$ cat upload_13.txt   # compact mmCIF, C-alpha atoms and all ligand atoms
# COMPACT_ATOMS: atom_id res chain seq x y z
CA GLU K 1 0.00 0.00 0.00
CA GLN K 2 1.04 3.60 -0.62
CA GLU K 3 2.43 5.32 2.48
CA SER K 4 -0.15 8.07 2.05
CA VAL K 5 -3.08 5.64 2.11
CA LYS K 6 -1.62 3.60 4.98
CA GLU K 7 -1.01 6.57 7.26
CA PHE K 8 -4.36 8.14 6.28
CA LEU K 9 -6.31 5.02 7.23
CA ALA K 10 -4.32 4.53 10.46
CA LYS K 11 -5.26 8.05 11.55
CA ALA K 12 -8.85 7.56 10.36
CA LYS K 13 -9.18 4.50 12.59
CA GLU K 14 -7.65 6.23 15.62
CA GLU K 15 -10.12 9.11 15.29
CA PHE K 16 -13.11 6.82 14.72
CA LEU K 17 -12.25 4.67 17.76
CA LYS K 18 -12.07 7.65 20.13
CA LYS K 19 -15.61 8.74 19.24
CA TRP K 20 -16.87 5.14 19.06
CA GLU K 21 -15.75 4.52 22.64
CA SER K 22 -17.28 7.79 23.98
CA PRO K 23 -20.33 8.69 21.87
CA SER K 24 -21.92 12.11 21.88
CA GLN K 25 -25.47 12.27 23.25
CA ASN K 26 -28.27 14.78 23.75
CA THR K 27 -26.83 17.68 21.77
CA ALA K 28 -30.07 19.52 20.82
CA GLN K 29 -33.82 19.41 21.46
CA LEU K 30 -36.92 19.46 19.26
CA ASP K 31 -38.18 22.96 20.05
CA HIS K 32 -34.85 24.41 18.84
CA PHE K 33 -36.13 23.80 15.27
CA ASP K 34 -39.03 24.81 13.03
CA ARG K 35 -40.52 22.02 10.89
CA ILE K 36 -40.69 22.86 7.16
CA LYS K 37 -41.57 19.81 5.03
CA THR K 38 -41.42 16.01 4.91
CA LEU K 39 -38.55 14.91 2.63
CA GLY K 40 -39.15 11.16 2.75
CA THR K 41 -40.63 8.30 4.67
CA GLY K 42 -40.06 4.63 5.26
CA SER K 43 -40.53 1.88 7.79
CA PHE K 44 -37.87 3.76 9.82
CA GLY K 45 -40.10 6.78 10.33
CA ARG K 46 -39.69 10.06 8.45
CA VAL K 47 -37.13 12.65 7.43
CA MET K 48 -38.14 16.31 7.72
CA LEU K 49 -36.49 19.50 6.52
CA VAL K 50 -36.09 21.72 9.60
CA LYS K 51 -34.64 25.17 10.29
CA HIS K 52 -32.69 25.97 13.46
CA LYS K 53 -34.50 28.86 15.11
CA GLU K 54 -31.37 30.76 16.23
CA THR K 55 -28.84 30.17 13.44
CA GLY K 56 -31.27 29.82 10.55
CA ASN K 57 -29.39 26.77 9.24
CA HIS K 58 -31.35 24.01 7.47
CA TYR K 59 -31.02 20.33 8.41
CA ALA K 60 -32.56 16.99 7.51
CA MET K 61 -34.00 15.54 10.74
CA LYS K 62 -34.58 11.78 10.79
CA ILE K 63 -37.33 10.96 13.32
CA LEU K 64 -37.84 7.38 14.54
CA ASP K 65 -40.79 6.28 16.69
CA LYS K 66 -39.33 4.21 19.56
CA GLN K 67 -42.39 1.96 19.85
CA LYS K 68 -42.31 1.20 16.12
CA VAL K 69 -38.54 0.55 16.17
CA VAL K 70 -39.19 -2.04 18.89
CA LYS K 71 -42.05 -3.71 17.01
CA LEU K 72 -40.02 -3.93 13.79
CA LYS K 73 -37.10 -5.47 15.74
CA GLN K 74 -34.73 -2.64 14.77
CA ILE K 75 -33.42 -1.64 18.24
CA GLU K 76 -29.84 -2.85 17.68
CA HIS K 77 -29.77 -1.55 14.11
CA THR K 78 -30.91 1.91 15.25
CA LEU K 79 -28.31 2.03 18.03
CA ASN K 80 -25.63 0.94 15.47
CA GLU K 81 -26.75 3.69 13.10
CA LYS K 82 -26.40 6.57 15.53
CA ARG K 83 -23.19 5.34 17.19
CA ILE K 84 -21.49 4.90 13.79
CA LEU K 85 -22.75 8.20 12.33
CA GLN K 86 -21.50 10.22 15.28
CA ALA K 87 -18.03 8.62 14.96
CA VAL K 88 -17.25 8.72 11.19
CA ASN K 89 -15.74 11.55 9.13
CA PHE K 90 -15.21 11.30 5.36
CA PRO K 91 -15.93 13.67 2.42
CA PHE K 92 -18.68 11.47 0.89
CA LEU K 93 -20.67 10.60 4.07
CA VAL K 94 -23.65 12.58 5.38
CA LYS K 95 -22.65 14.61 8.47
CA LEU K 96 -24.58 14.09 11.71
CA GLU K 97 -24.79 17.46 13.47
CA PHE K 98 -27.05 16.73 16.50
CA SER K 99 -28.85 13.80 18.09
CA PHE K 100 -31.36 13.58 20.94
CA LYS K 101 -34.42 11.69 22.13
CA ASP K 102 -37.66 12.44 23.95
CA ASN K 103 -40.56 10.50 25.45
CA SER K 104 -41.63 9.12 22.04
CA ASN K 105 -38.94 9.51 19.37
CA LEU K 106 -35.25 9.35 18.48
CA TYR K 107 -33.81 12.18 16.35
CA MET K 108 -30.74 12.37 14.10
CA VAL K 109 -30.17 15.86 12.68
CA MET K 110 -27.97 15.84 9.55
CA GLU K 111 -26.65 18.43 7.15
CA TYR K 112 -29.27 18.86 4.40
CA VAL K 113 -28.25 17.90 0.83
CA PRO K 114 -30.59 19.85 -1.50
CA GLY K 115 -29.64 18.21 -4.82
CA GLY K 116 -31.79 15.16 -4.05
CA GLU K 117 -31.30 11.44 -4.59
CA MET K 118 -29.18 9.96 -7.34
CA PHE K 119 -32.22 7.76 -8.07
CA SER K 120 -34.28 10.75 -9.30
CA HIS K 121 -31.53 12.05 -11.59
CA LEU K 122 -30.81 8.57 -12.98
CA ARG K 123 -34.48 7.94 -13.77
CA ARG K 124 -34.85 11.43 -15.29
CA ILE K 125 -31.78 11.14 -17.60
CA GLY K 126 -32.30 7.41 -18.30
CA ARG K 127 -28.76 6.16 -17.86
CA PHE K 128 -25.40 7.78 -17.08
CA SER K 129 -22.51 7.69 -19.53
CA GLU K 130 -19.54 5.59 -18.40
CA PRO K 131 -17.51 8.67 -17.32
CA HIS K 132 -20.47 9.93 -15.29
CA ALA K 133 -21.05 6.52 -13.64
CA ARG K 134 -17.28 6.22 -13.01
CA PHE K 135 -17.13 9.57 -11.16
CA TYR K 136 -19.79 8.38 -8.69
CA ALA K 137 -18.34 4.84 -8.50
CA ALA K 138 -14.89 6.20 -7.55
CA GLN K 139 -16.45 8.03 -4.59
CA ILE K 140 -18.15 4.82 -3.43
CA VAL K 141 -14.86 2.87 -3.77
CA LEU K 142 -13.06 5.41 -1.56
CA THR K 143 -15.94 5.49 0.94
CA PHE K 144 -15.99 1.67 1.27
CA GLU K 145 -12.18 1.62 1.64
CA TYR K 146 -12.63 4.05 4.56
CA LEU K 147 -15.60 2.22 6.16
CA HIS K 148 -14.14 -1.27 5.78
CA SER K 149 -10.83 -0.17 7.33
CA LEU K 150 -12.86 0.76 10.45
CA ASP K 151 -14.40 -2.75 10.45
CA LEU K 152 -17.75 -1.28 9.30
CA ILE K 153 -20.05 -2.98 6.79
CA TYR K 154 -22.55 -0.64 5.11
CA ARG K 155 -25.19 -3.05 3.71
CA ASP K 156 -27.58 -0.52 2.15
CA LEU K 157 -26.04 0.67 -1.14
CA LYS K 158 -28.64 1.78 -3.74
CA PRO K 159 -29.36 4.94 -5.78
CA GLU K 160 -32.00 6.24 -3.35
CA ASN K 161 -29.35 6.34 -0.59
CA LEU K 162 -26.85 8.49 -2.50
CA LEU K 163 -27.54 12.23 -2.39
CA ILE K 164 -26.01 14.77 -4.80
CA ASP K 165 -24.54 17.90 -3.23
CA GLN K 166 -24.12 21.46 -4.48
CA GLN K 167 -20.79 20.55 -6.13
CA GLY K 168 -22.21 17.43 -7.82
CA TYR K 169 -20.45 15.03 -5.41
CA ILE K 170 -22.07 12.10 -3.55
CA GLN K 171 -23.13 11.96 0.09
CA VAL K 172 -23.94 8.44 1.32
CA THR K 173 -26.94 8.42 3.66
CA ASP K 174 -28.91 5.81 5.64
CA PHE K 175 -26.70 3.93 8.09
CA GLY K 176 -29.74 1.97 9.35
CA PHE K 177 -28.07 -1.38 8.52
CA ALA K 178 -24.42 -0.37 9.08
CA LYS K 179 -22.58 -2.49 11.65
CA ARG K 180 -19.15 -2.83 13.22
CA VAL K 181 -18.12 -6.42 12.40
CA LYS K 182 -14.79 -8.15 12.80
CA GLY K 183 -15.43 -11.33 10.87
CA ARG K 184 -18.86 -12.43 9.70
CA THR K 185 -22.43 -11.35 10.42
CA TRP K 186 -25.79 -13.02 9.74
CA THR K 187 -28.75 -10.59 9.56
CA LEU K 188 -30.98 -10.65 6.49
CA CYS K 189 -31.29 -6.99 5.54
CA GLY K 190 -31.09 -4.77 2.48
CA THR K 191 -33.04 -4.22 -0.69
CA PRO K 192 -33.65 -7.33 -2.85
CA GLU K 193 -32.03 -6.09 -6.06
CA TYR K 194 -28.74 -5.30 -4.24
CA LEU K 195 -28.34 -8.42 -2.04
CA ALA K 196 -25.27 -10.63 -2.52
CA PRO K 197 -25.90 -14.37 -2.98
CA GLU K 198 -24.42 -15.23 0.41
CA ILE K 199 -27.06 -13.04 2.09
CA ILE K 200 -29.89 -14.71 0.16
CA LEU K 201 -28.50 -18.15 1.09
CA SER K 202 -28.46 -17.32 4.83
CA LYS K 203 -24.69 -17.67 5.22
CA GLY K 204 -22.37 -15.85 7.57
CA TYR K 205 -21.18 -13.02 5.34
CA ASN K 206 -18.61 -10.22 5.42
CA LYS K 207 -17.62 -6.91 3.79
CA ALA K 208 -17.56 -8.63 0.36
CA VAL K 209 -21.35 -7.99 0.19
CA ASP K 210 -20.65 -4.23 -0.16
CA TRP K 211 -18.39 -4.90 -3.20
CA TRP K 212 -21.16 -7.04 -4.78
CA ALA K 213 -23.59 -4.15 -4.20
CA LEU K 214 -21.10 -1.80 -5.90
CA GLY K 215 -21.27 -4.06 -8.98
CA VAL K 216 -25.08 -3.80 -8.98
CA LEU K 217 -24.89 0.00 -8.59
CA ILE K 218 -22.39 0.46 -11.44
CA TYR K 219 -24.49 -1.76 -13.72
CA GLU K 220 -27.67 0.18 -12.84
CA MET K 221 -26.00 3.58 -13.37
CA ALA K 222 -24.61 2.57 -16.78
CA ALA K 223 -27.65 0.59 -18.06
CA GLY K 224 -30.53 2.48 -16.40
CA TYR K 225 -31.89 -0.67 -14.70
CA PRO K 226 -30.41 -3.24 -12.29
CA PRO K 227 -28.90 -6.53 -13.50
CA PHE K 228 -31.33 -8.77 -11.52
CA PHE K 229 -34.85 -7.50 -12.07
CA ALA K 230 -38.17 -9.25 -11.61
CA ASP K 231 -41.70 -8.65 -10.36
CA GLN K 232 -41.34 -10.46 -7.01
CA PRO K 233 -38.37 -10.83 -4.63
CA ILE K 234 -38.33 -14.64 -4.92
CA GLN K 235 -37.67 -14.35 -8.67
CA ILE K 236 -34.96 -11.71 -8.11
CA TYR K 237 -33.24 -14.05 -5.65
CA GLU K 238 -33.21 -16.90 -8.19
CA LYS K 239 -31.47 -14.66 -10.73
CA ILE K 240 -28.92 -13.40 -8.18
CA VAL K 241 -27.78 -16.89 -7.15
CA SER K 242 -27.48 -18.19 -10.73
CA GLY K 243 -24.06 -16.84 -11.75
CA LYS K 244 -25.33 -15.35 -15.03
CA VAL K 245 -25.84 -11.72 -16.11
CA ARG K 246 -26.51 -10.07 -19.49
CA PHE K 247 -24.70 -6.87 -20.43
CA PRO K 248 -26.02 -4.26 -22.89
CA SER K 249 -23.93 -4.11 -26.06
CA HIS K 250 -23.15 -0.44 -25.38
CA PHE K 251 -21.09 -1.40 -22.29
CA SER K 252 -17.35 -1.16 -22.88
CA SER K 253 -15.28 -4.34 -22.61
CA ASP K 254 -13.48 -2.84 -19.59
CA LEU K 255 -16.81 -2.21 -17.83
CA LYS K 256 -18.01 -5.78 -18.50
CA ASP K 257 -14.74 -7.17 -17.11
CA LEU K 258 -14.98 -5.10 -13.91
CA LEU K 259 -18.62 -6.15 -13.42
CA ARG K 260 -17.90 -9.88 -13.90
CA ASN K 261 -15.36 -9.56 -11.05
CA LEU K 262 -17.65 -7.57 -8.70
CA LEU K 263 -20.77 -9.66 -9.54
CA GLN K 264 -18.83 -12.81 -8.77
CA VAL K 265 -21.12 -15.28 -6.96
CA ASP K 266 -18.17 -17.01 -5.23
CA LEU K 267 -17.22 -14.51 -2.51
CA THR K 268 -13.65 -15.92 -2.29
CA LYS K 269 -13.06 -14.79 -5.92
CA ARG K 270 -14.81 -11.39 -5.78
CA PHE K 271 -12.90 -8.15 -6.35
CA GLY K 272 -12.50 -6.22 -3.14
CA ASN K 273 -12.13 -9.51 -1.24
CA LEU K 274 -8.81 -10.79 -2.66
CA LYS K 275 -5.26 -10.40 -1.36
CA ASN K 276 -4.87 -6.94 -2.97
CA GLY K 277 -8.15 -5.74 -1.44
CA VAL K 278 -9.48 -2.49 -2.85
CA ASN K 279 -6.43 -2.09 -5.09
CA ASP K 280 -7.73 -4.72 -7.54
CA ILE K 281 -10.61 -2.28 -8.12
CA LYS K 282 -8.60 0.97 -8.13
CA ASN K 283 -6.06 -0.46 -10.61
CA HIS K 284 -8.65 -2.00 -12.94
CA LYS K 285 -8.58 -0.74 -16.53
CA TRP K 286 -12.09 0.75 -16.24
CA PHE K 287 -10.65 3.17 -13.66
CA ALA K 288 -7.47 3.99 -15.62
CA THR K 289 -8.54 7.64 -16.13
CA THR K 290 -9.55 8.14 -12.46
CA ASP K 291 -7.43 10.56 -10.40
CA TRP K 292 -8.10 8.98 -6.98
CA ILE K 293 -6.35 11.78 -5.06
CA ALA K 294 -8.20 14.55 -6.92
CA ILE K 295 -11.57 12.84 -6.33
CA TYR K 296 -10.87 12.61 -2.59
CA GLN K 297 -9.82 16.31 -2.57
CA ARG K 298 -12.99 17.27 -4.53
CA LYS K 299 -10.86 18.87 -7.26
CA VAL K 300 -12.49 17.08 -10.22
CA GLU K 301 -15.24 18.97 -12.04
CA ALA K 302 -18.46 16.99 -11.57
CA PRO K 303 -20.40 15.77 -14.63
CA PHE K 304 -23.62 17.30 -13.34
CA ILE K 305 -24.60 20.05 -10.88
CA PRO K 306 -28.19 19.67 -9.61
CA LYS K 307 -30.47 22.65 -10.08
CA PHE K 308 -31.76 24.24 -6.87
CA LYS K 309 -32.33 27.77 -5.62
CA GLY K 310 -30.69 27.71 -2.19
CA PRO K 311 -30.15 25.66 0.98
CA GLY K 312 -33.88 25.67 1.78
CA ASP K 313 -35.05 24.50 -1.65
CA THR K 314 -36.96 21.20 -1.55
CA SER K 315 -37.74 20.96 -5.30
CA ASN K 316 -35.45 17.93 -5.82
CA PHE K 317 -37.41 15.89 -3.24
CA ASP K 318 -40.96 14.73 -3.76
CA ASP K 319 -44.23 15.37 -1.91
CA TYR K 320 -45.43 13.29 1.02
CA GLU K 321 -48.48 13.52 3.25
CA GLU K 322 -47.72 15.91 6.12
CA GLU K 323 -48.31 14.31 9.57
CA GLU K 324 -47.90 15.42 13.21
CA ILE K 325 -44.72 14.90 15.28
CA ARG K 326 -46.35 13.81 18.53
CA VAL K 327 -44.46 13.53 21.80
CA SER K 328 -46.19 11.51 24.53
CA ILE K 329 -46.56 12.88 28.05
CA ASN K 330 -45.22 9.48 29.20
CA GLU K 331 -41.81 7.98 28.45
CA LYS K 332 -41.84 5.02 26.05
CA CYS K 333 -39.12 2.36 25.79
CA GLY K 334 -36.62 4.28 27.91
CA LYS K 335 -34.63 1.19 28.93
CA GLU K 336 -34.18 -0.08 25.36
CA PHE K 337 -32.77 3.26 24.13
CA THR K 338 -30.69 4.21 27.20
CA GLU K 339 -27.45 4.50 25.20
CA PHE K 340 -28.90 6.67 22.42
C1 LIG K 401 -29.12 14.48 4.47
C2 LIG K 401 -30.38 14.74 3.68
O1 LIG K 401 -30.51 15.74 2.95
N1 LIG K 401 -31.40 13.81 3.78
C3 LIG K 401 -31.31 12.64 4.67
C4 LIG K 401 -31.91 11.35 4.08
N2 LIG K 401 -33.23 11.64 3.50
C5 LIG K 401 -34.00 10.43 3.12
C6 LIG K 401 -35.52 10.66 2.98
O2 LIG K 401 -36.21 9.68 3.78
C7 LIG K 401 -36.42 8.55 2.94
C8 LIG K 401 -35.83 8.93 1.60
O3 LIG K 401 -35.89 10.39 1.64
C9 LIG K 401 -34.35 8.51 1.49
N3 LIG K 401 -34.00 7.95 0.15
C10 LIG K 401 -33.48 9.75 1.81
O4 LIG K 401 -32.10 9.36 1.87
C11 LIG K 401 -33.17 12.68 2.44
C12 LIG K 401 -32.65 14.01 3.03
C1 LIG K 402 -58.20 9.79 3.88
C2 LIG K 402 -56.80 10.15 3.45
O1 LIG K 402 -56.13 9.41 2.73
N1 LIG K 402 -56.33 11.36 3.95
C3 LIG K 402 -57.09 12.24 4.85
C4 LIG K 402 -56.78 13.76 4.73
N2 LIG K 402 -55.37 14.02 4.36
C5 LIG K 402 -54.97 15.45 4.29
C6 LIG K 402 -55.69 16.35 5.32
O2 LIG K 402 -55.16 17.67 5.16
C7 LIG K 402 -54.26 17.87 6.25
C8 LIG K 402 -54.06 16.49 6.83
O3 LIG K 402 -55.34 15.87 6.62
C9 LIG K 402 -53.04 15.64 6.04
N3 LIG K 402 -53.00 14.29 6.66
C10 LIG K 402 -53.43 15.53 4.54
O4 LIG K 402 -52.85 16.63 3.82
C11 LIG K 402 -54.98 13.25 3.16
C12 LIG K 402 -54.98 11.78 3.58
$ encode --input "upload_13.txt" --output "structure tokens" --more "lines below"
Ligand SMILES: CC(=O)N1CCN([C@H]2[C@@H]3OC[C@@H](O3)[C@@H](N)[C@@H]2O)CC1
Ligand SMILES: CC(=O)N1CCN([C@H]2[C@@H]3OC[C@@H](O3)[C@@H](N)[C@@H]2O)CC1
Amino acid sequence: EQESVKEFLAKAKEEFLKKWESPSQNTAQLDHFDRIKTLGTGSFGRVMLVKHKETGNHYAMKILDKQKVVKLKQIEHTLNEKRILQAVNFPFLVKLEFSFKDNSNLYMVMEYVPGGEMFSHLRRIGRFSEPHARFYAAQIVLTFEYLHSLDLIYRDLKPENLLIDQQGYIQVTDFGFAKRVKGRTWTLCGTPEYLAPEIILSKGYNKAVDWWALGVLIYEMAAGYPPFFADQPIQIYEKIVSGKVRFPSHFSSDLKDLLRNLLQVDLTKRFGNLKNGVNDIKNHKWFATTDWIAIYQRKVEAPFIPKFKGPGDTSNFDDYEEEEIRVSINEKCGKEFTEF
């Protein structure tokens, strides 16, 4: 490994471990913010655009209902998410600014990324050219090199979880399945189209599942649709475990070669999981034009700058039913969330 990379990752791990061992807690409260608009929803709860009443700064506030987290069996995952987010620091990761809890809910207040989800831009344009896909892929490669060096598996890569910032760079969001793992882990989680075969087959799996998901993402960016597509999950799973994929004829030979090595069903042969680790990916011919240092330093001109009017603009996010943020007069699930 290059001395620069080695000493960078050694320092990255030292800094992560100090915050991991002593997590920040209770750094704001709900009535410090005005609620503006719902930016998205899921089983996790909701994300709202908020404005800090004193500073005027905008944030994306993820709100989880403690009782629903318990019923959906996501306690450990939610504690993982907040503890990891408060400890990481990398140019292409969403930045957690505050966290707190009250009688009913857990709150993670993040810097707001007004360019919207990669998913929207991909569906609007149709597919990205190879250079455009490669610019985003390089940022994911560097982000996974960082996360994996901290013993973190991400487990939720997909276009809806990649936001585009004001400079056209990626911010990875949604650490709801991220976990610190030395060795293997066993939980079935993630979106069907992006699951590695070893997840579908209920094996103990490792960080190689993130490199499989990178293969799916690159294919989807360059084709406009994912490589394993079907109407029901059970049919998607059959395609994933088969060891066959079809590439559009417009794909370059270098892209097809990279994808055969990322979408390798045998995890012991998959790029990212060999002796050379991430360097088999960084040194692959498809990445020959990539200036890894300049990408990290955000010195490369992005292929695309999202249109938006200012830090409060919500036009790149879609419209959701607006519901109350209720806080019970009685504490719910206090024991389960003591460490949050
Ligand atoms: C940092 C920022 O600007 N964020 C945080 C994350 N959210 C969520 C929202 O909830 C579900 C859906 O939209 C999801 N794909 C998205 O990542 C968007 C706004
Ligand atoms: C029956 C149904 O599907 N509904 C009921 C009414 N809502 C409106 C109404 O206006 C303010 C508030 O109730 C909000 N929930 C929403 O916008 C749409 C969803």
$ residues_near_ligand --input "upload_13.txt" --ligand "ligand LIG 402 (chain K)" --cutoff "10 Å" --atoms "all atoms listed in the file" --output "PyMOL selection string"
chain K and resi 320-324
$ residues_near_ligand --input "upload_13.txt" --ligand "ligand LIG 401 (chain K)" --cutoff "6 Å" --atoms "only C-alpha atoms and all ligand atoms" --output "MDAnalysis selection string"
chainID K and resid 39:42 46:47 60 94 110:113 160:161 173
$ atom_distance --input "upload_13.txt" --atom1 "CA of residue 175 (chain K)" --atom2 "CA of residue 81 (chain K)"
5.0 Å
$ closest_residue --input "upload_13.txt" --among "K:189, K:208, K:72, K:49" --to "residue 273 (chain K)" --atoms "only C-alpha atoms"
K:208
$ closest_atom_pairs --input "upload_13.txt" --of "region 91-139 of chain K" --to "region 282-301 of chain K" --cutoff "8 Å" --atoms "only C-alpha atoms" --output "JSON lines"
{"residue": "K:91", "atom": "CA", "partner": "K:296", "partner_atom": "CA", "distance": 7.2}
{"residue": "K:134", "atom": "CA", "partner": "K:287", "partner_atom": "CA", "distance": 7.3}
{"residue": "K:135", "atom": "CA", "partner": "K:290", "partner_atom": "CA", "distance": 7.8}
{"residue": "K:138", "atom": "CA", "partner": "K:292", "partner_atom": "CA", "distance": 7.4}
{"residue": "K:139", "atom": "CA", "partner": "K:295", "partner_atom": "CA", "distance": 7.1}
$ residues_around --input "upload_13.txt" --residues "region 28-30 of chain K" --least-positions-apart "4" --cutoff "10 Å" --atoms "all atoms listed in the file" --output "ChimeraX atom specification"
/K:34-35,50,52,61,97-102,107-109,325,327
$ write_last_selection --input "upload_13.txt" --atoms "C-alpha atoms" --output "PDB file, in the coordinates of the input"
ATOM      1  CA  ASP K  34     -39.030  24.810  13.030  1.00  0.00           C
ATOM      2  CA  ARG K  35     -40.520  22.020  10.890  1.00  0.00           C
ATOM      3  CA  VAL K  50     -36.090  21.720   9.600  1.00  0.00           C
ATOM      4  CA  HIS K  52     -32.690  25.970  13.460  1.00  0.00           C
ATOM      5  CA  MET K  61     -34.000  15.540  10.740  1.00  0.00           C
ATOM      6  CA  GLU K  97     -24.790  17.460  13.470  1.00  0.00           C
ATOM      7  CA  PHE K  98     -27.050  16.730  16.500  1.00  0.00           C
ATOM      8  CA  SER K  99     -28.850  13.800  18.090  1.00  0.00           C
ATOM      9  CA  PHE K 100     -31.360  13.580  20.940  1.00  0.00           C
ATOM     10  CA  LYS K 101     -34.420  11.690  22.130  1.00  0.00           C
ATOM     11  CA  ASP K 102     -37.660  12.440  23.950  1.00  0.00           C
ATOM     12  CA  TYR K 107     -33.810  12.180  16.350  1.00  0.00           C
ATOM     13  CA  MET K 108     -30.740  12.370  14.100  1.00  0.00           C
ATOM     14  CA  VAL K 109     -30.170  15.860  12.680  1.00  0.00           C
ATOM     15  CA  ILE K 325     -44.720  14.900  15.280  1.00  0.00           C
ATOM     16  CA  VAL K 327     -44.460  13.530  21.800  1.00  0.00           C
TER      17      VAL K 327
END
$ build_atoms --input "upload_13.txt" --residues "region 55-75 of chain K" --atoms "N, CA and C atoms" --output "short mmCIF file (atom, residue, chain, number, x, y, z; two decimals), keeping the file's coordinate frame"
data_model
loop_
_atom_site.label_atom_id
_atom_site.label_comp_id
_atom_site.auth_asym_id
_atom_site.auth_seq_id
_atom_site.Cartn_x
_atom_site.Cartn_y
_atom_site.Cartn_z
N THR K 55 -29.82 29.97 14.51
CA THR K 55 -28.84 30.17 13.44
C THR K 55 -29.46 30.35 12.07
N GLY K 56 -30.66 29.84 11.86
CA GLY K 56 -31.27 29.82 10.55
C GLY K 56 -30.79 28.71 9.64
N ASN K 57 -29.91 27.82 10.11
CA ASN K 57 -29.39 26.77 9.24
C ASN K 57 -30.45 25.69 9.01
N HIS K 58 -30.43 25.10 7.81
CA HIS K 58 -31.35 24.01 7.47
C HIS K 58 -30.67 22.68 7.74
N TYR K 59 -31.47 21.70 8.14
CA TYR K 59 -31.02 20.33 8.41
C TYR K 59 -32.08 19.35 7.95
N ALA K 60 -31.65 18.11 7.69
CA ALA K 60 -32.56 16.99 7.51
C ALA K 60 -32.64 16.22 8.83
N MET K 61 -33.81 16.15 9.43
CA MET K 61 -34.00 15.54 10.74
C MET K 61 -34.71 14.21 10.55
N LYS K 62 -34.01 13.12 10.86
CA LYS K 62 -34.58 11.78 10.79
C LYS K 62 -35.24 11.50 12.13
N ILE K 63 -36.53 11.16 12.10
CA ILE K 63 -37.33 10.96 13.32
C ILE K 63 -37.80 9.52 13.34
N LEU K 64 -37.42 8.78 14.38
CA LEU K 64 -37.84 7.38 14.54
C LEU K 64 -38.76 7.25 15.75
N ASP K 65 -39.86 6.54 15.58
CA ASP K 65 -40.79 6.28 16.69
C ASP K 65 -40.27 5.08 17.48
N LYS K 66 -39.93 5.30 18.76
CA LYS K 66 -39.33 4.21 19.56
C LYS K 66 -40.21 2.96 19.60
N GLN K 67 -41.52 3.13 19.77
CA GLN K 67 -42.39 1.96 19.85
C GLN K 67 -42.39 1.19 18.54
N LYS K 68 -42.33 1.89 17.41
CA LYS K 68 -42.31 1.20 16.12
C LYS K 68 -40.96 0.53 15.87
N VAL K 69 -39.86 1.19 16.26
CA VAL K 69 -38.54 0.55 16.17
C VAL K 69 -38.53 -0.77 16.92
N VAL K 70 -39.13 -0.80 18.12
CA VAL K 70 -39.19 -2.04 18.89
C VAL K 70 -40.00 -3.11 18.16
N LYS K 71 -41.19 -2.73 17.67
CA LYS K 71 -42.05 -3.71 17.01
C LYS K 71 -41.42 -4.28 15.75
N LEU K 72 -40.67 -3.46 15.01
CA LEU K 72 -40.02 -3.93 13.79
C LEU K 72 -38.68 -4.61 14.06
N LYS K 73 -38.30 -4.76 15.33
CA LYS K 73 -37.10 -5.47 15.74
C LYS K 73 -35.83 -4.78 15.23
N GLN K 74 -35.85 -3.44 15.24
CA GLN K 74 -34.73 -2.64 14.77
C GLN K 74 -33.99 -1.91 15.89
N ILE K 75 -34.10 -2.35 17.14
CA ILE K 75 -33.42 -1.64 18.24
C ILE K 75 -31.91 -1.60 18.01
#
